[PDB]
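A.B. asks: Sequence and experimental coordinates follow.
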Amino acid sequence: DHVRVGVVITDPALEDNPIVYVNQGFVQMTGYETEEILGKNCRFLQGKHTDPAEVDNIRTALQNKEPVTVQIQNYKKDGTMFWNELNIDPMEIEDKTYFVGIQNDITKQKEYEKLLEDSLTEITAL
Amino acid sequence: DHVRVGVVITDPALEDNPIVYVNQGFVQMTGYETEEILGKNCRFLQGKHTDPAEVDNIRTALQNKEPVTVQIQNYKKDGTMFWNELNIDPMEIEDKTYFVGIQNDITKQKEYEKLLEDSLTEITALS
Ligand SMILES: Cc1cc2nc3c(=O)[nH]c(=O)nc-3n(C[C@H](O)[C@H](O)[C@H](O)COP(=O)(O)O)c2cc1C
Ligand SMILES: Cc1cc2nc3c(=O)[nH]c(=O)nc-3n(C[C@H](O)[C@H](O)[C@H](O)COP(=O)(O)O)c2cc1C
Ligand code: NA
């Protein structure tokens, strides 16, 4: 397993703006397989400590078709909390609106960067 | 490196699989603005050290409509080389097929990898 961003595309012309494309990065990041993701709204990543104020801000951004980047607490299938730096970009394909989402697991990024930084320090100590 | 990923969508039903969407991460990474990008084939990112074998891997996957990932040398507008960890997937939107590509600049990681691999060869030679 290596760091990879999640990428989804949703179709807002369909009931509840479901995910119609998801990459393998998202599968690896969240612990859900493609068949458990396609057709669902992305809110299934939310959980106990997801800030409702930021969920509100996302809702408003989507309504207003404004790009938004927000750090939000999300949850893997197995219940593990991760901080998600989420970017959502409204866009158009054949004169219809879609949303592209990019998820960045900053918790994992921090952990992995620490491992490398510590190993490099250990080497110089020799 | 701490930079955003590029995302592009292309329409393979149109001649030469042109870009129909590109994000700001891609604009940032490549040095091209969206008006310079839209309607073009993504091969404009290629140059001297772009390995034909990796271009082959991409071309074959697209022909087969199958996912592909490669690490490929690409070039910014100013001519500087970057290493692109590139993922391309087919996808379906409203009963029509597209490709979605995700570009990850791994230039710095590649620099470290080479130096660490050299160091390992060197320590082993001292064994
Ligand atoms: C493209 C896209 C990607 C999204 N990705 C996430 C995500 O990674 N995590 C999350 O908590 N919400 C994500 N959302 C936000 C939710 O899908 C939803 O819009 C939000 O919870 C507000 O709507 P609601 O009040 O009906 O839940 C995404 C939305 C879109 C359109
Ligand atoms: C969605 C999509 C994204 C692509 N992104 C890149 C890229 O970032 N870098 C690159 O060198 N080629 C990229 N390509 C591959 C080229 O567009 C092209 O398919 C490849 O060079 C093989 O075709 P050719 O031999 O006609 O050039 C992408 C292709 C598609 C469909
Ligand atoms: Na070529």
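C.D. replies: Done, it's in. Numbers count the residues shown, from 1 in each chain, chains lettered A, B, ... in the order given. Ligands and ions are numbered 1, 2, ... in the order given.
A.B. asks: what comes up buried for stretch A:41-61?
C.D. replies: A:42, A:45-46, A:50, A:54, A:58, A:61 (16 or more other CB atoms under 10 Å in any protein chain shown). No exception for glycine: its C-beta is placed from N, CA and C like everyone else's.
A.B. asks: Check the secondary structure at the most centrally placed residue in chain A for me.
C.D. replies: Nearest to the mean C-alpha position of chain A, counting by CA atoms, centre = their mean, stands residue A:103 at 2.6 Å. Under the three-state scheme (DSSP: H, G, I helix; E, B strand; the rest coil), residue A:103 adopts strand.
A.B. asks: Please report how far the residue nearest to it when sequence neighbours are not counted lies from residue A:53.
C.D. replies: Nearest residue to residue A:103, sequence neighbours excluded (CB to CB, 6 or more residues apart in numbering or on different chains): residue A:6, at 3.4 Å. If you measure residue A:6 against residue A:53 using CB to CB, to the nearest Å, the figure is 22 Å.
A.B. asks: For residue A:78, give me its contacts.
C.D. replies: Residues counted as contacts of residue A:78 (CB atoms under 8 Å, 6 or more residues apart in numbering or on different chains) are residue A:31.
A.B. asks: secondary structure element for it?
C.D. replies: Secondary structure assignment for residue A:78, by DSSP states H and E: no helix or strand.
A.B. asks: Distance check, it against ligand 1.
C.D. replies: 16 Å (CB to the nearest ligand atom, to the nearest Å).
A.B. asks: That residue and residue A:47, how far apart?
C.D. replies: In terms of CB to CB, residue A:78 sits 12 Å off from residue A:47.
A.B. asks: so which of the buried residues of stretch A:41-61 also contact ligand 1?
C.D. replies: A:42, A:45-46, A:58 (CB under 6 Å from any ligand atom).
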